[PDB]
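Content type mmCIF, C-alpha atoms and all ligand atoms, from the file final.cif:
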```
data_my_file
loop_
_atom_site.label_atom_id
_atom_site.label_comp_id
_atom_site.auth_asym_id
_atom_site.auth_seq_id
_atom_site.Cartn_x
_atom_site.Cartn_y
_atom_site.Cartn_z
CA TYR A 16 26.96 7.49 7.11
CA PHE A 17 27.16 5.27 3.93
CA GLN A 18 28.70 6.52 0.60
CA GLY A 19 26.53 6.73 -2.51
CA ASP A 20 26.85 7.68 -6.18
CA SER A 21 24.21 9.27 -8.38
CA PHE A 22 23.37 8.62 -12.01
CA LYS A 23 21.12 10.41 -14.47
CA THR A 24 18.80 8.48 -16.84
CA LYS A 25 17.87 9.62 -20.42
CA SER A 26 14.82 11.62 -19.30
CA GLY A 27 16.73 13.33 -16.48
CA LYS A 28 15.65 11.16 -13.61
CA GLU A 29 18.10 10.32 -10.82
CA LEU A 30 19.26 6.87 -9.59
CA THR A 31 21.33 6.85 -6.41
CA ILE A 32 23.15 3.71 -5.32
CA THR A 33 24.01 3.60 -1.60
CA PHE A 34 26.84 1.23 -0.76
CA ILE A 35 26.08 -0.62 2.47
CA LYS A 36 28.59 -3.57 2.59
CA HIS A 37 29.51 -6.88 0.97
CA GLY A 38 26.62 -7.60 -1.58
CA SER A 39 24.14 -5.27 0.16
CA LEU A 40 22.96 -2.18 -1.71
CA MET A 41 20.14 0.36 -1.44
CA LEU A 42 18.92 1.86 -4.71
CA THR A 43 16.85 5.01 -4.78
CA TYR A 44 15.03 5.98 -7.99
CA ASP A 45 12.12 8.36 -8.56
CA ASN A 46 11.21 8.35 -4.76
CA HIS A 47 11.16 4.55 -4.66
CA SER A 48 13.50 2.65 -2.35
CA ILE A 49 14.98 -0.72 -3.37
CA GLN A 50 16.96 -2.95 -1.06
CA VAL A 51 19.23 -5.65 -2.44
CA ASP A 52 20.29 -8.60 -0.22
CA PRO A 53 19.72 -6.59 2.99
CA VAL A 54 21.64 -8.08 5.93
CA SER A 55 21.32 -6.78 9.53
CA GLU A 56 24.95 -7.50 10.41
CA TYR A 57 25.99 -4.63 8.04
CA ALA A 58 23.42 -1.98 9.01
CA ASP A 59 20.65 -0.97 11.29
CA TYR A 60 17.86 -1.36 8.68
CA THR A 61 15.27 0.34 10.96
CA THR A 62 16.92 3.70 10.12
CA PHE A 63 16.36 3.38 6.31
CA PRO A 64 13.17 4.40 4.52
CA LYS A 65 10.81 1.47 4.00
CA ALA A 66 11.52 -0.70 0.95
CA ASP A 67 9.14 -0.53 -1.97
CA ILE A 68 11.10 -3.50 -3.28
CA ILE A 69 13.44 -6.12 -1.80
CA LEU A 70 15.60 -8.13 -4.17
CA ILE A 71 17.21 -11.38 -2.98
CA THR A 72 19.92 -12.99 -5.19
CA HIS A 73 20.23 -16.25 -3.17
CA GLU A 74 19.67 -17.97 0.16
CA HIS A 75 23.07 -17.74 1.92
CA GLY A 76 23.06 -15.87 5.29
CA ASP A 77 25.27 -12.99 4.08
CA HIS A 78 22.47 -12.21 1.51
CA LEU A 79 19.14 -13.53 2.91
CA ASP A 80 18.27 -12.19 6.31
CA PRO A 81 14.63 -12.14 7.56
CA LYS A 82 15.43 -9.84 10.51
CA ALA A 83 16.78 -7.20 8.12
CA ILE A 84 13.76 -7.76 5.83
CA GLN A 85 11.34 -7.20 8.74
CA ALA A 86 13.17 -4.09 9.85
CA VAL A 87 12.82 -2.40 6.47
CA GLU A 88 9.55 -3.76 4.95
CA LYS A 89 6.11 -2.13 4.86
CA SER A 90 2.74 -3.66 4.06
CA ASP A 91 2.96 -3.06 0.28
CA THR A 92 6.65 -4.05 -0.17
CA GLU A 93 7.20 -6.52 -3.06
CA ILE A 94 9.93 -9.10 -2.45
CA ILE A 95 11.53 -10.52 -5.67
CA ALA A 96 13.76 -13.59 -5.06
CA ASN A 97 15.15 -16.88 -6.36
CA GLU A 98 13.01 -19.90 -5.64
CA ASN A 99 14.95 -21.26 -2.63
CA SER A 100 14.99 -17.86 -0.85
CA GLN A 101 11.27 -17.32 -1.48
CA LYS A 102 10.53 -20.75 0.00
CA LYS A 103 12.56 -19.98 3.14
CA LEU A 104 10.76 -16.65 3.51
CA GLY A 105 7.29 -17.98 2.82
CA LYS A 106 6.44 -14.89 0.75
CA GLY A 107 7.53 -12.96 -2.29
CA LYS A 108 7.75 -13.45 -6.06
CA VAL A 109 10.01 -16.15 -7.58
CA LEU A 110 12.23 -15.42 -10.59
CA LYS A 111 14.24 -18.16 -12.33
CA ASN A 112 17.20 -17.71 -14.70
CA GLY A 113 16.01 -16.17 -18.01
CA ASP A 114 12.85 -14.67 -16.44
CA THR A 115 11.93 -11.11 -17.31
CA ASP A 116 9.59 -9.12 -15.02
CA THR A 117 8.06 -5.94 -16.41
CA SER A 118 5.32 -5.56 -13.76
CA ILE A 119 7.04 -2.74 -11.78
CA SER A 120 6.42 0.23 -14.05
CA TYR A 121 9.62 2.06 -13.01
CA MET A 122 12.04 -0.88 -12.96
CA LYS A 123 12.34 -3.81 -15.33
CA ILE A 124 13.98 -6.89 -13.85
CA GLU A 125 15.77 -9.67 -15.66
CA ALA A 126 17.09 -12.68 -13.78
CA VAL A 127 20.34 -14.05 -15.10
CA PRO A 128 22.56 -16.95 -13.98
CA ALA A 129 25.01 -16.71 -11.12
CA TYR A 130 27.10 -19.89 -10.28
CA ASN A 131 30.57 -21.35 -9.69
CA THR A 132 32.61 -22.78 -12.55
CA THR A 133 35.65 -24.11 -10.59
CA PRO A 134 35.47 -27.89 -10.06
CA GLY A 135 34.15 -28.63 -6.56
CA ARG A 136 32.79 -25.10 -5.94
CA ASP A 137 29.25 -26.00 -7.04
CA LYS A 138 28.81 -26.85 -3.37
CA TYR A 139 28.83 -23.04 -2.94
CA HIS A 140 26.63 -21.84 -5.84
CA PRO A 141 25.37 -24.57 -8.10
CA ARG A 142 24.05 -23.77 -11.52
CA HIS A 143 20.36 -22.63 -11.91
CA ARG A 144 19.78 -22.30 -8.14
CA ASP A 145 20.65 -18.59 -7.80
CA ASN A 146 20.09 -15.27 -9.65
CA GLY A 147 21.92 -12.26 -10.74
CA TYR A 148 19.61 -9.33 -11.78
CA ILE A 149 19.62 -6.66 -14.45
CA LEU A 150 17.60 -3.69 -13.31
CA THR A 151 16.55 -1.17 -15.88
CA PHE A 152 15.51 2.37 -14.91
CA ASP A 153 14.50 4.59 -17.88
CA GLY A 154 17.25 3.03 -20.08
CA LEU A 155 19.92 2.84 -17.34
CA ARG A 156 20.89 -0.83 -16.90
CA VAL A 157 22.41 -1.96 -13.60
CA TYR A 158 23.73 -5.53 -13.40
CA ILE A 159 23.94 -6.99 -9.90
CA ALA A 160 25.73 -10.35 -10.35
CA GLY A 161 25.14 -11.81 -6.90
CA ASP A 162 27.56 -14.71 -6.15
CA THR A 163 29.16 -16.14 -9.31
CA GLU A 164 32.39 -16.83 -11.15
CA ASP A 165 33.33 -15.65 -14.67
CA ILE A 166 30.59 -17.68 -16.30
CA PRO A 167 30.19 -17.87 -20.13
CA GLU A 168 26.71 -16.37 -19.98
CA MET A 169 28.26 -13.03 -19.15
CA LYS A 170 29.06 -12.73 -22.90
CA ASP A 171 25.23 -12.44 -23.30
CA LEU A 172 24.96 -9.29 -21.11
CA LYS A 173 24.30 -6.30 -23.38
CA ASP A 174 24.31 -2.54 -22.83
CA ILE A 175 25.16 -2.62 -19.13
CA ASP A 176 25.76 0.88 -17.73
CA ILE A 177 26.69 -0.21 -14.17
CA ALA A 178 27.85 -3.59 -12.92
CA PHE A 179 28.52 -5.09 -9.58
CA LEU A 180 30.80 -8.15 -9.67
CA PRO A 181 31.77 -10.30 -6.60
CA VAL A 182 35.46 -10.64 -5.87
CA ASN A 183 36.23 -12.86 -2.86
CA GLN A 184 37.70 -16.29 -2.33
CA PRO A 185 36.88 -19.10 -2.41
CA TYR A 186 33.19 -18.23 -2.84
CA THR A 187 33.23 -15.98 -5.92
CA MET A 188 35.92 -14.36 -8.14
CA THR A 189 39.66 -13.60 -7.98
CA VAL A 190 40.88 -10.29 -9.39
CA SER A 191 41.87 -11.91 -12.69
CA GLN A 192 38.50 -13.67 -13.00
CA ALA A 193 36.65 -10.44 -12.33
CA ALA A 194 38.75 -8.66 -14.99
CA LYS A 195 38.01 -11.47 -17.47
CA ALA A 196 34.29 -11.26 -16.50
CA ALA A 197 34.27 -7.47 -16.94
CA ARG A 198 35.91 -7.76 -20.43
CA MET A 199 33.23 -10.24 -21.52
CA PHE A 200 30.49 -7.52 -21.52
CA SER A 201 32.30 -4.14 -21.05
CA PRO A 202 30.21 -2.34 -18.51
CA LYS A 203 30.73 1.38 -18.55
CA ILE A 204 31.06 1.49 -14.74
CA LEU A 205 32.25 -1.39 -12.55
CA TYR A 206 31.87 -1.61 -8.79
CA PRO A 207 33.69 -4.57 -7.34
CA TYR A 208 31.62 -5.77 -4.41
CA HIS A 209 31.29 -8.69 -2.01
CA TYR A 210 35.15 -8.58 -1.92
CA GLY A 211 36.00 -9.38 1.71
CA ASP A 212 39.74 -9.03 2.43
CA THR A 213 40.69 -8.98 -1.28
CA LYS A 214 43.19 -6.27 -2.14
CA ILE A 215 40.74 -4.93 -4.64
CA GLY A 216 42.88 -2.04 -5.94
CA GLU A 217 44.56 -4.54 -8.27
CA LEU A 218 41.30 -4.71 -10.32
CA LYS A 219 41.89 -1.08 -11.51
CA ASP A 220 45.35 -2.11 -12.65
CA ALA A 221 44.08 -5.35 -14.16
CA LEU A 222 41.49 -3.38 -16.23
CA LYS A 223 43.87 -0.52 -17.13
CA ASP A 224 43.07 0.63 -20.68
CA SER A 225 39.80 -1.40 -20.75
CA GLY A 226 37.84 1.87 -20.81
CA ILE A 227 35.84 0.60 -17.79
CA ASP A 228 35.57 2.92 -14.76
CA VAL A 229 36.42 0.64 -11.84
CA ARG A 230 35.12 2.36 -8.68
CA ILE A 231 36.29 1.11 -5.30
CA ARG A 232 33.76 1.44 -2.48
CA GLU A 233 33.51 -0.08 1.01
CA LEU A 234 31.85 -3.26 -0.18
CA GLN A 235 33.92 -6.01 1.47
ZN ZN A 301 26.79 -17.06 -1.58
ZN ZN A 302 27.91 -14.31 -0.56
#
```
In structure tokens, how does this file's structure come out?
Ligand SMILES: [Zn+2]
Ligand SMILES: [Zn+2]
Amino acid sequence: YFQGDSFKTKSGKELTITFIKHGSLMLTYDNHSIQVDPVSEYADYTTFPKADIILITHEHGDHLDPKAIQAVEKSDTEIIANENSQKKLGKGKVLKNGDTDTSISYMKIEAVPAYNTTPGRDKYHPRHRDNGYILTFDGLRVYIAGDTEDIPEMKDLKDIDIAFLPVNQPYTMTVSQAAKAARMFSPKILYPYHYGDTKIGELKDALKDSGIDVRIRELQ
């Protein structure tokens, strides 16, 4: 029994985000089902409806899992991924940083950077290799950062309604970094995710008076 939140788009259509765990999310919009970084360790993916779309941010095992992909795919599922993950899968569409994809009529995708800035942590997520995604449904823009630190390109993110930022150590962001990241583009709604054992409640305090709705969900 996973929690989920619902959002209305400008024409009245509904987007529901179901919070699975870590960086794993299911998005439901207009009777289409979208899985992001589905990982079998966090759910029995045979019990979900079959993915119309599977989004992979990068190749690490807590994001790219073929078993989970098999359990939830159908014959006409489109997999959208970074180059390294696509290669490992042997199927799917490759997006690089700066790519826009407008070929799904109900969901525009933009691939944006997601990498480490701390010296020595490029061993984790080196620049260019991995993607964050901006998903647009009828004007509603959802930014899924993937694994990144408070990179300067976040200043370039415009009109984001909902954002997911990663807040664990040493792989992604500390609470202060996440707060700094959030302030760079002012999403209306912020879901910290991929936060492991971080005491994430401090992010609400850290963004007090920012005007950003920080929503804590079970996304360790
Ligand atoms: Zn990673
Ligand atoms: Zn990760």
Between chain A and ligand ZN 301 (chain A), at 9 Å or less, what are the per-residue closest atom pairs and their distances in Å? Count all atoms listed in the file, order by chain and rising residue number, and return it as a Markdown table.
```
| residue | atom | partner | partner_atom | distance |
| --- | --- | --- | --- | --- |
| A:72 | CA | A:ZN301 | ZN | 8.8 |
| A:73 | CA | A:ZN301 | ZN | 6.8 |
| A:74 | CA | A:ZN301 | ZN | 7.4 |
| A:75 | CA | A:ZN301 | ZN | 5.2 |
| A:76 | CA | A:ZN301 | ZN | 7.9 |
| A:77 | CA | A:ZN301 | ZN | 7.1 |
| A:78 | CA | A:ZN301 | ZN | 7.2 |
| A:139 | CA | A:ZN301 | ZN | 6.5 |
| A:140 | CA | A:ZN301 | ZN | 6.4 |
| A:145 | CA | A:ZN301 | ZN | 8.9 |
| A:161 | CA | A:ZN301 | ZN | 7.7 |
| A:162 | CA | A:ZN301 | ZN | 5.2 |
| A:163 | CA | A:ZN301 | ZN | 8.1 |
| A:186 | CA | A:ZN301 | ZN | 6.6 |
| A:187 | CA | A:ZN301 | ZN | 7.8 |
```
Kindly save the residues from that selection, with C-alpha atoms included, as a JSON list (two decimals), in the coordinates of the input.
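Final output, selection_15.json:
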```json
[["chain", "number", "residue", "atom", "x", "y", "z"],
["A", 72, "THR", "CA", 19.92, -12.99, -5.19],
["A", 73, "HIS", "CA", 20.23, -16.25, -3.17],
["A", 74, "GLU", "CA", 19.67, -17.97, 0.16],
["A", 75, "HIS", "CA", 23.07, -17.74, 1.92],
["A", 76, "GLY", "CA", 23.06, -15.87, 5.29],
["A", 77, "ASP", "CA", 25.27, -12.99, 4.08],
["A", 78, "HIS", "CA", 22.47, -12.21, 1.51],
["A", 139, "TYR", "CA", 28.83, -23.04, -2.94],
["A", 140, "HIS", "CA", 26.63, -21.84, -5.84],
["A", 145, "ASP", "CA", 20.65, -18.59, -7.80],
["A", 161, "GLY", "CA", 25.14, -11.81, -6.90],
["A", 162, "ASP", "CA", 27.56, -14.71, -6.15],
["A", 163, "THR", "CA", 29.16, -16.14, -9.31],
["A", 186, "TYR", "CA", 33.19, -18.23, -2.84],
["A", 187, "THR", "CA", 33.23, -15.98, -5.92]]
```
Practice prompt. Could you pull out every residue with an atom within 8 Å of (19.2, -14.2, -14.4), file coordinates, counting all atoms listed in the file, and send them as a ChimeraX atom specification?
Written response: /A:111-114,125-129,146-149
Selected residues written out with C-alpha atoms, as a short mmCIF file (atom, residue, chain, number, x, y, z; two decimals), keeping the file's coordinate frame:
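Result went into again-v4.cif, see below:
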```cif
data_model
loop_
_atom_site.label_atom_id
_atom_site.label_comp_id
_atom_site.auth_asym_id
_atom_site.auth_seq_id
_atom_site.Cartn_x
_atom_site.Cartn_y
_atom_site.Cartn_z
CA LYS A 111 14.24 -18.16 -12.33
CA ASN A 112 17.20 -17.71 -14.70
CA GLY A 113 16.01 -16.17 -18.01
CA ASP A 114 12.85 -14.67 -16.44
CA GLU A 125 15.77 -9.67 -15.66
CA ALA A 126 17.09 -12.68 -13.78
CA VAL A 127 20.34 -14.05 -15.10
CA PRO A 128 22.56 -16.95 -13.98
CA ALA A 129 25.01 -16.71 -11.12
CA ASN A 146 20.09 -15.27 -9.65
CA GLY A 147 21.92 -12.26 -10.74
CA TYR A 148 19.61 -9.33 -11.78
CA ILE A 149 19.62 -6.66 -14.45
#
```
Discussion item. So the first atom is atom CA of residue 80 of chain A and the second is atom CA of residue 97 of chain A; what is the distance between them in Å, to one decimal place?
Written reply: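 Separation of atom CA of residue 80 of chain A and atom CA of residue 97 of chain A: 13.9 Å.
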Worksheet entry | Among listed residues A:95, A:157, A:234, A:199, nearest residue 118 of chain A (using all atoms listed in the file) | A:95
Quick one: 5 Å padding each side, axis-aligned, all listed atoms of segment 134-143 of chain A - centre and edge lengths in Å to one decimal, as JSON?
```
{"center_x": 27.9, "center_y": -25.2, "center_z": -7.4, "size_x": 25.1, "size_y": 16.8, "size_z": 19.0}
```
Item to complete: Place a sphere of radius 9 Å on (17.5, -6.8, 7.5) in the file coordinates and name every protein, DNA or RNA residue with an atom inside or on its surface, counting all atoms listed in the file; give the answer as an NGL selection string.
Response: :A and (52-61 or 79-88)
Item to complete: Figure out the distance between atom CA of residue 69 of chain A and atom CA of residue 105 of chain A, please, to one decimal in Å.
Response: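 That distance, rounded to one decimal, is 14.1 Å.
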Worksheet entry | Computed interatomic separation between atom CA of residue 42 of chain A and atom CA of residue 21 of chain A (Å) |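 According to the coordinates, atom CA of residue 42 of chain A and atom CA of residue 21 of chain A are separated by 9.8 Å.
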Discussion item. Excluding segment 202-217 of chain A and its own-chain neighbours fewer than 5 positions away, which residues fall within 7 Å of it when counting all atoms listed in the file? Please give them as JSON, numbers by chain.
Written reply: {"A": [37, 38, 175, 176, 177, 178, 179, 180, 181, 182, 183, 190, 197, 227, 228, 229, 230, 231, 234, 235]}
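Residues lying within 12 Å of residue 25 of chain A, counting all atoms listed in the file and ignoring same-chain neighbours fewer than 6 positions away, are residues 151, 152, 153, 154, 155 and 156 of chain A.
If you measure from each of A:26, A:48, A:39, A:132 to ligand ZN 302 (chain A) using all atoms listed in the file, the closest one turns out to be A:39.
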Fill in: Residue neighbourhood residue 233 of chain A, 8 Å, all atoms listed in the file, exclusion window fewer than 5 positions, as an MDAnalysis selection string
chainID A and resid 34:37
Test item: residues at most 7 Å from residue 20 of chain A, only C-alpha atoms, excluding those fewer than 6 positions along its chain, as a PDB file with C-alpha atoms, in the frame of the given file:
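Generated output (selection_9.pdb):
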```
ATOM      1  CA  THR A  31      21.330   6.850  -6.410  1.00  0.00           C
ATOM      2  CA  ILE A  32      23.150   3.710  -5.320  1.00  0.00           C
ATOM      3  CA  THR A  33      24.010   3.600  -1.600  1.00  0.00           C
TER       4      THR A  33
END
```
Worksheet entry | Residue neighbourhood residue 68 of chain A, 12 Å, only C-alpha atoms, exclusion window fewer than 3 positions, as number ranges by chain | A: 41-44, 46-53, 64-65, 71, 84, 87-96, 107-108, 119, 121-122, 124, 150
Worksheet item: Between A:166, A:221, A:200, A:131, which has the minimum distance to ligand ZN 302 (chain A) (counting all atoms listed in the file)?
Response: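 Checking each candidate against ligand ZN 302 (chain A), we get A:131 as the closest.
Using only C-alpha atoms and all ligand atoms, the nearest neighbour of ligand ZN 302 (chain A) within the list A:171, A:164, A:67, A:224 is A:164.
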Fill in: From A:17, A:104, A:45, A:24, residue lying nearest residue 63 of chain A [all atoms listed in the file]
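Selected residue with least distance to residue 63 of chain A: A:17.
The nearest approach to ligand ZN 302 (chain A) among the residues A:219, A:30, A:117, A:188, with all atoms listed in the file taken into account, belongs to A:188.
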